[PDB]
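Colleague:
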Amino acid sequence: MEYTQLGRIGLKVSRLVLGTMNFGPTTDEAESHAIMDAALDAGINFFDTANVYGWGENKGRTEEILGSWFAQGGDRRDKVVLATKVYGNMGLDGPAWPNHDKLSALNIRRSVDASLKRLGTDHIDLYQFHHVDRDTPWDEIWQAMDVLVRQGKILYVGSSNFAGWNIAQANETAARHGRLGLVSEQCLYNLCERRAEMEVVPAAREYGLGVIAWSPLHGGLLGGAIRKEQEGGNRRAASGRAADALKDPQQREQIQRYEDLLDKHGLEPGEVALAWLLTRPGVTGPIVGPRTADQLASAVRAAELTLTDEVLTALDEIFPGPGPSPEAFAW
Amino acid sequence: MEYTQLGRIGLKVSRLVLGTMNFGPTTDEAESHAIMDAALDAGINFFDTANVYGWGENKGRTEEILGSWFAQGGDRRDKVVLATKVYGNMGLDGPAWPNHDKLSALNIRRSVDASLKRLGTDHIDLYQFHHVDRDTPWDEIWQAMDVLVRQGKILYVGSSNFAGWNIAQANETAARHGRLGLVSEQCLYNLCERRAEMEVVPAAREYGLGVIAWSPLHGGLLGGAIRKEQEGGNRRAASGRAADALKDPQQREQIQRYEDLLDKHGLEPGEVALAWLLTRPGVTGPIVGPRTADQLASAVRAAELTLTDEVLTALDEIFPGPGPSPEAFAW
Amino acid sequence: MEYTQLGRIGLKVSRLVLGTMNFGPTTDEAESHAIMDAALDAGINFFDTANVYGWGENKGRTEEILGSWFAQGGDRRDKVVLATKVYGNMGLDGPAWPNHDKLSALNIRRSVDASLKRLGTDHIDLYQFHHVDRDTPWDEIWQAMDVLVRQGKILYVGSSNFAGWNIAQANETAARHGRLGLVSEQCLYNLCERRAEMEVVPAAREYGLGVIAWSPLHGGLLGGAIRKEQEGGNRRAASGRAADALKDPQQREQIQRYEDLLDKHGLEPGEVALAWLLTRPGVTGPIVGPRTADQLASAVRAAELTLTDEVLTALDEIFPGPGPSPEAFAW
Amino acid sequence: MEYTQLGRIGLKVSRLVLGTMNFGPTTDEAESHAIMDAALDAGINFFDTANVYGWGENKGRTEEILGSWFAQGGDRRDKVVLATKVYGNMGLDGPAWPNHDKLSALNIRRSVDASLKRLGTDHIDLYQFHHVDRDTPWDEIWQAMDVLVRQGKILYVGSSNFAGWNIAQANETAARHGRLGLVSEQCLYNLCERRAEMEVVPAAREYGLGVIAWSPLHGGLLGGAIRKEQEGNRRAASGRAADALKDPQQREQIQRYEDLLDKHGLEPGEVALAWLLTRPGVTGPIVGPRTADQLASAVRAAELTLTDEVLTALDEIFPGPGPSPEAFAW
Ligand SMILES: CC[C@H]1OC(=O)C[C@@H](O)[C@H](C)[C@@H](O[C@@H]2O[C@H](C)[C@@H](O[C@H]3C[C@@](C)(O)[C@@H](O)[C@H](C)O3)[C@H](N(C)C)[C@H]2O)[C@@H](CC=O)C[C@@H](C)C(=O)/C=C/C(C)=C/[C@@H]1CO[C@@H]1O[C@H](C)[C@@H](O)[C@@H](OC)[C@H]1OC
Ligand SMILES: CC[C@H]1OC(=O)C[C@@H](O)[C@H](C)[C@@H](O[C@@H]2O[C@H](C)[C@@H](O[C@H]3C[C@@](C)(O)[C@@H](O)[C@H](C)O3)[C@H](N(C)C)[C@H]2O)[C@@H](CC=O)C[C@@H](C)C(=O)/C=C/C(C)=C/[C@@H]1CO[C@@H]1O[C@H](C)[C@@H](O)[C@@H](OC)[C@H]1OC
Ligand SMILES: NC(=O)c1ccc[n+]([C@@H]2O[C@H](COP(=O)([O-])OP(=O)(O)OC[C@H]3O[C@@H](n4cnc5c(N)ncnc54)[C@H](OP(=O)(O)O)[C@@H]3O)[C@@H](O)[C@H]2O)c1
Ligand SMILES: NC(=O)c1ccc[n+]([C@@H]2O[C@H](COP(=O)([O-])OP(=O)(O)OC[C@H]3O[C@@H](n4cnc5c(N)ncnc54)[C@H](OP(=O)(O)O)[C@@H]3O)[C@@H](O)[C@H]2O)c1
Ligand SMILES: NC(=O)c1ccc[n+]([C@@H]2O[C@H](COP(=O)([O-])OP(=O)(O)OC[C@H]3O[C@@H](n4cnc5c(N)ncnc54)[C@H](OP(=O)(O)O)[C@@H]3O)[C@@H](O)[C@H]2O)c1
Ligand SMILES: NC(=O)c1ccc[n+]([C@@H]2O[C@H](COP(=O)([O-])OP(=O)(O)OC[C@H]3O[C@@H](n4cnc5c(N)ncnc54)[C@H](OP(=O)(O)O)[C@@H]3O)[C@@H](O)[C@H]2O)c1
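Residue numbers (UniProt numbering), protein chains in the order written: chain A, 1 to 331; chain B, 1 to 331; chain C, 1 to 331; chain D, 1 to 232, 234 to 331.
#1: Less than 7 angstroms between the CB of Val288/A and some heavy atom of ligand 8, yes or no?
#2: In whole angstroms, what is the alpha-carbon distance linking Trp69/A and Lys228/A?
#3: What residues in the segment 66-78 of chain D have a beta carbon less than 9 angstroms from any beta carbon of chain C?
#4: Residues of the segment 118-148 of chain B in Cβ contact with chain C at a cutoff of 8 angstroms, in chain order, please.
#5: Report the three-state DSSP secondary structure of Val200/D (helix, strand or coil).
#6: Anything in the segment 195-208 of chain D with a Cβ closer than 8 angstroms to a Cβ of chain A? List those residues in chain order, please.
#7: Scan the segment 98-116 of chain A for residues whose Cβ lies nearer than 8 angstroms to a Cβ of chain D and list them as they occur along the chain.
#8: What do you reckon, are the CB atoms on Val200/C and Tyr156/C nearer than 8 angstroms?
#9: Below 7 angstroms, is the gap between the Cβ of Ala299/B and the nearest heavy atom of ligand 4?
#10: When you check each C-beta in the segment 147-175 of chain C against every C-beta of chain B, which residues fall closer than 8 angstroms?
#11: Please enumerate, following chain order, all residues with a beta carbon closer than 5 angstroms to at least one heavy atom belonging to ligand 2.
#12: Kindly indicate which three-state DSSP category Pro286/D falls into: helix, strand or coil?
#13: So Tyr189/D and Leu278/D are supposed to be a Cβ contact under 8 angstroms. How far apart are they, rounded?
#14: Candidates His131/C, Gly19/C and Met198/C: which alpha carbon is nearest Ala293/C's?
#15: Is there at least one Cβ from chain B nearer than 8 angstroms to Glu193/C's Cβ?
#16: Are the C-beta atoms of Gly289/B and some chain A residue less than 8 angstroms apart?
#17: CA-CA distance, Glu268/A and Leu305/A?
#18: Going by Cα to Cα distance, which pick from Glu193/D, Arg15/D and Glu185/D is closest to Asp316/D?
#19: Which chain D residues sit within Cβ distance under 8 angstroms of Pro324/A?
#20: For ligand 6, any of its heavy atoms closer than 7 angstroms to the Cβ of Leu217/D?
#21: Would the beta-carbon of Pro320/D fall within 8 angstroms of that of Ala163/A?
#22: Go ahead and pull the three-state DSSP assignment for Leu217/B.
#23: Whose CA, out of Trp97/B, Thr62/B, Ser14/B and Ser32/B, lies closest to the CA of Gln295/B?
#24: In chain D, which residues lie less than 8 angstroms from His33/C when you measure between Cβ atoms?
#25: Measuring only the C-alpha atoms, how far is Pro326/B from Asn171/C?
#26: Locate the alpha helix (DSSP H) running through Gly223/B, then write down its first and last residues.
#27: Within 7 angstroms: the Cβ of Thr308/B and any heavy atom of ligand 6?
#28: Does the Cβ of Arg195/C lie closer than 7 angstroms to at least one heavy atom of ligand 1?
#29: With a CB to CB cut of under 6 angstroms and the five nearest residues on each side skipped, what residues in its chain are close to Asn107/C?
#30: I want to verify the contact list: residues of chain A whose CB lies under 9 angstroms from the CB of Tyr3/B, in sequence order.
#31: Can you grab the Cα-Cα spacing for the pair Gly43/C / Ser14/C, in whole Å?
#32: Using 8 angstroms as the threshold, is the C-beta distance between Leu148/A and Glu185/A below it?
#33: May I have a chain-ordered list of the beta strand (DSSP E) segments no shorter than 3 residues that lie completely inside the segment 48-97 of chain C?
See the structure below:
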């Protein structure tokens, strides 16, 4: 396993981050536990979850599945950098009761206690904002997080789905009073969606944040979705983001070009999408989303792949990116 | 229910704040619980109380009534933004034993623990200074509040009965050392008393405080007190501020003009006075003071009223305001 | 002559400030020079002017009259604490060209250079904002003033026609970065208009500003305006604020009672109004507005008057004040 | 003329900003001076220029044309908020000598003195970075600007072609030590190019910067370029506009735009300027008249009220992304 620092901070992480969103709605508890055992065996020490994972009436289930895994002992909790999230509504889906979503100090306080209880742990290593909340100012947010840091309930704070200028405002505000700022941004970034290149990733690099890419396969779309389009099972690529893209002729053609390119080179589409993210400047690593232990083993192989310049150039032809602003749209 | 941010902060509140001062001395425990259940039913998530409410030998009773309400369960504590106050003497009415009133770190320590015990909760969401204390410096006050913040016993700090320059000094002092300042000012503001427009509300707006208006009907004076002047009940308008106003020929003539105006437009005096405050720039909302469940329902109707330009202009004729200083008295 | 520190700073000033607004439009250049010589002979070391004084097409004339006075030599400039103002339109009366009024760094730059030229001096001792400018932020204002301080073009900065919270915001902003804040506020304050007591003077005193009362006789109204109502000459009391007040029945009765009281006590109304301001806590002194040398001589006598407690009580009853906020309108 | 505060600061500016890039290479000195007199007559008090304007061997000519304008007197300098730029190479076109371009304190020092001399003035009201310079840190940049502020050579500092996170970093750095930060961002923004909506404008709004839009007609492309395509010089015949008209999809977009405004009897240049005036946070467009009639046309656009029907139609023809992260994530 290849390791790196998470941005500027002292925390060392596997360049594969284990996502857990599938654990519950798509992968059951026993296979979820097997995937986490295999992840630990492979040297993956960095797990990403969220309070809302589990979905609908089962929001919180994923954290509970991690909690029963940790409860088995065997140094699992000691070994893992445990990340979860606050922002989402944990009540009945639909409009949230006021301050039962978003980033008020009020919702931060109740959300962290519920996550700690489901996870069966006394601390979260990386507590992440799930989304920017434009209505909560950073002196309120940093007050709430600093309460948790000094109580020992969290160690690090990260962001997810921020704009670049939110990262800068957040960390400048933290730095004025000596607080450790955001240590990582968790952003949508993959071959299909590269617009985090314009400002989010440049800002994260300037401020020394880790960058961990969520939906690195675009929801399974990049994992061989066309070749697999007729298979059964509870495949993630059969619904949601990937299925929507495959109904668009232009997006489907792109994915078809991708799968045909890789057939000519003896490469696997999911493994290449992961390996591609590992070449991007500033990217700590993809947050892999295995549905099966087999798909985790494939991810470990992806982290060992060396993409040739020829393949990288061809991928840029199919999936061009904008580069940084202002050059992306001005000069 | 209409919602808004409390000034600049991330807390979302109903634009009706439920005042509880009547609960105890005027409304009994059973009916207070009914009013609070109905407030939650109508979407009101923001309750104001004080340690002194109850009055006399029953100071603390209002908080205890809220404590018994919370103790039923039913997500009541989780759903409510709970505001209470410190400054008042909680001992025998009359001159307080030194440091058993006002805002020393000593009285803050003892008042908050006594409030938490009566409320049956481990934290207060909005802890308010009941009045400015000119003898306690802001580095002493912010030390005391920051102790409670970091212990998790409070979340936010607010002011009540401040001058505008007190708000500015408090929040500039807080900002110097990373602290969230005052998030709201609770001030006397209604059709009868508009002098908060001079400097209190302008300073609150500059510093991004919510503004929540206490005695929004001037103690019942604006709720139809002339028409109801001969009625029984233990009506708040039969005593105190309202009764005193009706003794004065000029103030009584003003209320008469008001009630006669509203008869011509088919409007209710109590609802119009609440709806008028909701139109004022910077006002988060009125802190309604229902004596009955029907009066809470009437307040909810008031929050849906749309006052016409013609009625707003007429109210300004009856109840002119000074505008901001310096223009209010100089140029 | 009685001297005092100007609030908290090391500058010592006479408790009569010589106002120059009459110099030009009401008092001609030679009599203006005689009044300034008489003021210096009496120990008055503190002169207030403004760029706009002169009025109309003659804006700047008063500063020029002071300039020709200083140009006479004889240690006049070295002896005088020279105060002038920025904010007013110096162009054609009417709507100003953008940034040719108010407190942008652009207007501050052009205004001070024009004042310095008219006054015939290389520095202004006290450069005052004529009025709050709600559209210019304090980091812009203090940048512009600090440029002038470091160049040696001004020494001290003062306010005029501020609200109390503006004083607080201004001086907290200056103190953040080691700058000397406002040293004095120049507000309307006299027997007739006491609402600076609510917040402006309390804020000034908290922050250690001098308080220099402008229009101390309410534009001549308190100088015997009723007794002299039939007189000729270009008396200031025949126009503007004083004339408007004498056409008001209640203000006229107030002034009549005042003049009758002072007839009974054998006291001069102009002198008493000045002596009254000298008793008010926090007041550095009145800015006298003599039209003649004899009126200056009269002001000097006023500074040596001791009003009996009987007269002081009678004045407070004829001319009541509001006291400080929040007590002035709440409790 | 409608006026507004420049973002959060005390400076008041007309919502039309007079751009001067045409003065010299496209509009001659006499006509440039007439456009500036007409701008002042209509109440425009805010002029944008740059040291490089004039182009090639004539870089600096535009500042000189403004300088001879000011030299005529009549309160012209006192009335105008004068904005210019530092970053561009002022030597021979091609790779610049080291530190004769970009934002080092060394190049800032030499560039401002040369602009002051050409402009014939002792101060610049708004001195703008022409482009983000990723190699110069903000404590160096603010040192250099503060030197100029304390000497009276500039009043305000603004940015141009920044990313949103650059605006935040600059102004947080400035605020740490009591300095007034950036007061304005000058970005490309018009119907054709709306990606400043992702982060640049949202960051400017949060930090209280003015937002002034350069090439508001996309270089004349939005001024009726297809109707005038065979006319006889015209900025639309070259550069950004010409390239867009060579592309089938952009040409079709502009053809749809010009058809839409034919139906409503409106002028394309005026509508494109009026459209920017409706965008939240936009101080106004930096108009680029080549002629005095084009300036009077801009003044008419500032009085125009676009109906909601037309605004909806423009938005469908010229969709924008809105803010990040929602623009690409959720
Ligand atoms: C010393 C005891 C005296 O008490 C006073 O003289 C107090 C009066 O001057 C009050 C305060 C005035 O009431 C004020 O009328 C001003 C014009 C307002 O000022 C305005 C304009 C402004 C610019 O000032 C602004 O700042 C302010 C906010 O609003 C002000 N406002 C707050 C509303 C308002 O209180 C008057 C109206 C004016 O004359 C109010 C009405 C009801 C009135 O006739 C009362 C008469 C009384 C009780 C007189 C006795 C008689 O006792 C007398 O005692 C004297 C010492 C002797 O001369 C006695 O001789 C026997 C005897 O005279 C008859
Ligand atoms: C008002 C309703 C109209 O809807 C539109 O006009 C939307 C179109 O303008 C879209 C957005 C364009 O698609 C855009 O093509 C630009 C050149 C790209 O811009 C480029 C360059 C850039 C510089 O802009 C850069 O910033 C950007 C990121 O990428 C842009 N990109 C975001 C990809 C891309 O969305 C066009 C391609 C060019 O025209 C996409 C293709 C599929 C198309 O023909 C669609 C036609 C439709 C549906 C037309 C109706 C006709 O309805 C018509 O309604 C009008 C109101 C009337 O004129 C009617 O005529 C009478 C009627 O015509 C029948
Ligand atoms: N911060 C946020 O907003 C956010 C949002 C989404 C996700 N996340 C995080 O990012 C993690 C990953 O997101 P995601 O589940 O959408 O990831 P993804 O990798 O884009 O989608 C997962 C799907 O890709 C396929 N796949 C996974 N590994 C593969 C491999 N080695 N080879 C071929 N196909 C493979 C599987 O598709 P099939 O099931 O069709 O076989 C799998 O179900 C989540 O667990 C969560 O922790 C964060
Ligand atoms: N910070 C402070 O110093 C301070 C001071 C006072 C109050 N407060 C807070 O502000 C809250 C409200 O104060 P308040 O009780 O004096 O409010 P208020 O609304 O001015 O007076 C309450 C009275 O108004 C009448 N009323 C209430 N709702 C009505 C409606 N919808 N229609 C017609 N009449 C209506 C009732 O009068 P009748 O009983 O005659 O029917 C009621 O007893 C208090 O509960 C407390 O939370 C704070
Ligand atoms: N910062 C501001 O906004 C502002 C506004 C106004 C003034 N000021 C400053 O404050 C200064 C004073 O203002 P002001 O001229 O309006 O003062 P004022 O004393 O209220 O009015 C002056 C008039 O009072 C009469 N008077 C003056 N001294 C007298 C005395 N000893 N005995 C009897 N009557 C006397 C004269 O009236 P008659 O002519 O009728 O005899 C004189 O013209 C100005 O010179 C200016 O420096 C500042
Ligand atoms: N910060 C930067 O990087 C940057 C870059 C470029 C420009 N700028 C600034 O932005 C200003 C404007 O840029 P620009 O010249 O490219 O603006 P523009 O409006 O996009 O293009 C100017 C052209 O549009 C046409 N036009 C102008 N006004 C018109 C009207 N009222 N009706 C119809 N057509 C009209 C004319 O084209 P025809 O000649 O074909 O008639 C004119 O030459 C410049 O002067 C400069 O100050 C800044």
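Beta carbons: idealized from backbone N, C-alpha and C, even for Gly.
Modeller: On the basis of the coordinates in this document:
#1: Inclusion of ligand 8 in the displayed structure is not the case, the ligand content consisting of ligand 1, ligand 2, ligand 3, ligand 4, ligand 5 and ligand 6 alone.
#2: For the purposes of this step, residue 69/A is taken as residue 69 along the first sequence, with counting starting at 1. For the purposes of this step, residue 228/A is taken as residue 228 along the first sequence, with counting starting at 1. About 31 angstroms.
#3: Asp75 and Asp78
#4: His131 and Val132
#5: The count along the fourth sequence starts at 1 and reaches residue 200/D at position 200. Three-state DSSP puts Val200/D in a helix.
#6: Identification of residues in the segment 195-208 of chain D having a C-beta nearer than 8 angstroms to some C-beta of chain A yields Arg195, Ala196, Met198, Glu199, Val200, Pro202, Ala203 and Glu206, given in sequence order.
#7: none
#8: The sequence position of residue 200/C within the third sequence is 200, counting from 1. The sequence position of residue 156/C within the third sequence is 156, counting from 1. Not closer than 8 angstroms, so no.
#9: Counted from its first residue, the second sequence places residue 299/B at position 299. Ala299/B Cβ: within cutoff of ligand 4.
#10: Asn161, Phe162, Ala163, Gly164, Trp165, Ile167, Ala168, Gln169, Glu172 and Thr173
#11: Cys192/D, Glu193/D, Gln250/D, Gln251/D, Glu253/D, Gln254/D, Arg257/D, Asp260/D, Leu261/D, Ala314/D, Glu317/D and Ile318/D
#12: Here residue 286/D refers to the residue found at position 285 of the fourth sequence. In this structure, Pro286/D counts as strand in the three-state DSSP scheme.
#13: Numbered from 1 along the fourth sequence, position 189 holds the residue referred to as residue 189/D. Numbered from 1 along the fourth sequence, position 277 holds the residue referred to as residue 278/D. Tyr189/D to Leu278/D, Cβ: 12 angstroms. No contact.
#14: The sequence position of residue 293/C within the third sequence is 293, counting from 1. Measuring from the Cα of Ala293/C, the nearest candidate turns out to be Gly19/C.
#15: Here residue 193/C refers to the residue found at position 193 of the third sequence. At least one chain B Cβ lies under 8 angstroms of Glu193/C.
#16: Your numbering for residue 289/B matches position 289 in the second sequence. Output row for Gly289/B: interface = no.
#17: Along the first sequence, read from residue 1 onward, the residue named residue 268/A stands at position 268. Along the first sequence, read from residue 1 onward, the residue named residue 305/A stands at position 305. About 10 angstroms.
#18: Taking the first residue of the fourth sequence as 1, we reach residue 316/D at position 315. Of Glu193/D, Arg15/D and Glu185/D, the residue nearest in Cα terms is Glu193/D.
#19: In the first sequence, counting from the first residue as 1, residue 324/A sits at position 324. By Cβ distance, chain D contributes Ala163.
#20: By one-based count along the fourth sequence, residue 217/D stands at place 217. Yes, Cβ of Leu217/D sits closer than 7 angstroms to a heavy atom of ligand 6.
#21: The sequence position of residue 320/D within the fourth sequence is 319, counting from 1. The sequence position of residue 163/A within the first sequence is 163, counting from 1. Not in contact: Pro320/D and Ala163/A (Cβ atoms no closer than 8 angstroms).
#22: Against the second sequence, residue 217/B aligns to sequence position 217. Residue state, collapsed to three classes: coil.
#23: Numbered from 1 along the second sequence, position 295 holds the residue referred to as residue 295/B. Looking at the Cα atoms, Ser32/B is the closest of the given residues.
#24: Position 33 of the third sequence holds residue 33/C. What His33/C touches in chain D: nothing, since even the nearest Cβ is about 32 angstroms away.
#25: The sequence position of residue 326/B within the second sequence is 326, counting from 1. The sequence position of residue 171/C within the third sequence is 171, counting from 1. Cα-Cα distance, rounded: 18 angstroms.
#26: Working through the second sequence from its first residue, we reach residue 223/B at position 223. From DSSP, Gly223/B is part of no alpha helix (DSSP H); its letter is neither H nor E.
#27: Looking up residue 308/B in the second sequence gives position 308. For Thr308/B, the distance from the CB to the nearest heavy atom of ligand 6 is not below 7 angstroms.
#28: As a first step, residue 195/C is located in the third sequence; it is residue number 195 there, counting from the start. At least one heavy atom of ligand 1 lies closer than 7 angstroms to the C-beta of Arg195/C.
#29: The residue labelled residue 107/C in the question sits at position 107 within the third sequence. For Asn107/C, where only same-chain residues beyond five positions count, the Cβ hits under 6 angstroms are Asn99.
#30: The residue given as residue 3/B occupies position 3 in the second sequence. The answer, in chain order, is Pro98.
#31: As a position in the third sequence, residue 43/C is number 43, starting the count at 1. As a position in the third sequence, residue 14/C is number 14, starting the count at 1. Straight-line Cα distance between these residues: approximately 7 angstroms.
#32: Taking the first sequence and counting its residues from 1, the one referred to as residue 148/A is at position 148. Taking the first sequence and counting its residues from 1, the one referred to as residue 185/A is at position 185. Cβ distance not < 8 angstroms, so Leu148/A and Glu185/A don't count as in contact.
#33: 81-86
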